Amino acid sequence: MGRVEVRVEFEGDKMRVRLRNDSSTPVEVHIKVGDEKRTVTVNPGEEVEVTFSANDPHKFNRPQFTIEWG
Amino acid sequence: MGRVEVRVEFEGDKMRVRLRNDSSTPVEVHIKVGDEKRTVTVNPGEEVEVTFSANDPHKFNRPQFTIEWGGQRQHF
């Protein structure tokens, strides 16, 4: 059982990724935006917001995220 | 155990979301973009594309995704 929520917000030169872990085990989230990679662990019931900046808005045209558990 | 991959592509008036399920159980993906919700089940080892259209590009400014596993094959 379990569910993970990912909200992506685009505001000016920034991209905010809000992550909610609504499962009973920690999850690992890998986020790739162009040449920038970021990995965070989200614990059960924890909300983690990761912000990316960019010198040009075109950098956020292909965001990728991977959710891992267990 | 398990991992799910989500790739978001913004091309013209469309937003394509490629979903890969690398776990041993089916996962359910809910995507909300403005006034439009799309839900698909992704089976182990499969890739599913979900495409959204819009009359204006600002509709894709706040996409939301929910990944669910270990349910009753209907809403989890």
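Residues numbered from 1 in each chain as written, not as in the entry; some residues may be left out. Chains lettered and ligands numbered in written order. Heavy atoms only, no water.

Structure determination for this entry is recorded as X-ray crystallography, at 2.5 Å resolution.

A. Spotlight on the overall build of chain A. Within chain A one finds zero helices and six strands. Order of helices (α) and strands (β) in chain A, N terminus to C terminus: β-β-β-β-β-β. Oriented by its inertia axes, the alpha-carbon framework of chain A measures out at about 40 × 20 × 15 Å. Taking all 70 residues of chain A together, the buried fraction comes to 44%. (Helix = DSSP H or I, 4+ residues; strand = E, 2+ residues; numbered from the N terminus. Buried < 20%, exposed > 50% of the residue type's maximum accessible area, 1.4 Å probe, protein only.)

B. Structural detail: unusual backbone geometry. Unlike most non-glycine residues, B:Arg73 shows phi in positive territory, near 65°. If you trace the backbone, B:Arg73 turns up in the segment after β6 (64-69).

C. Representation of the pattern of salt bridges in the model. Applying the stated rule across the entire model yields 22 salt bridges over all chains. In this structure, B:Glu9 and A:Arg62 form a salt bridge, with 3.6 Å as the shortest nitrogen-oxygen distance. Taken together, the residues B:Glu9 in strand β1 (residues 2-11) and A:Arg62 in the loop between β5 (47-53) and β6 (64-69) connect one chain to another. Accessibility expressed as a relative area gives 60% for A:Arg62, which makes it exposed. Its salt-bridge partner being A:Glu68, residue B:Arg3 comes within 2.8 Å of it at the nearest N-O pair. Of this pair, B:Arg3 sits in strand β1 while A:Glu68 sits in strand β6, on two different chains. The structure contains a network of salt bridges with shared partners spanning A:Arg3, A:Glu5, A:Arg20, A:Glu47 and B:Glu68. (Salt bridge = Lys/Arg side-chain N within 4 Å of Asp/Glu carboxyl O.)

D. Spatial organisation of the environment of B:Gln72. All names here are of chain B. Within the secondary structure, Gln 72 is located in the segment after β6. The class for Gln 72 is exposed, based on a relative accessible area of 71%. Measuring from C-alpha to C-alpha, the distance between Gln 72 and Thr 39 comes to 15 Å, with 33 residues separating the pair along the chain.

E. Region of interest: the interface of chain B and chain A. Taken together, the 24 residues of chain B in the interface contact 23 residues of chain A. Of the roughly 2300 Å² buried at the junction of chain B and chain A (both faces included), carbon and sulfur atoms supply 53%. The largest contributions to the chain B side of the interface with chain A come from B:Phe10, B:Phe65 and B:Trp69, which together make up 26% of the buried area. Put simply, chain B and chain A have four salt bridges between them. (Contact = heavy atoms within 4.5 Å. Buried area = accessible area lost by both parts, 1.4 Å probe.)

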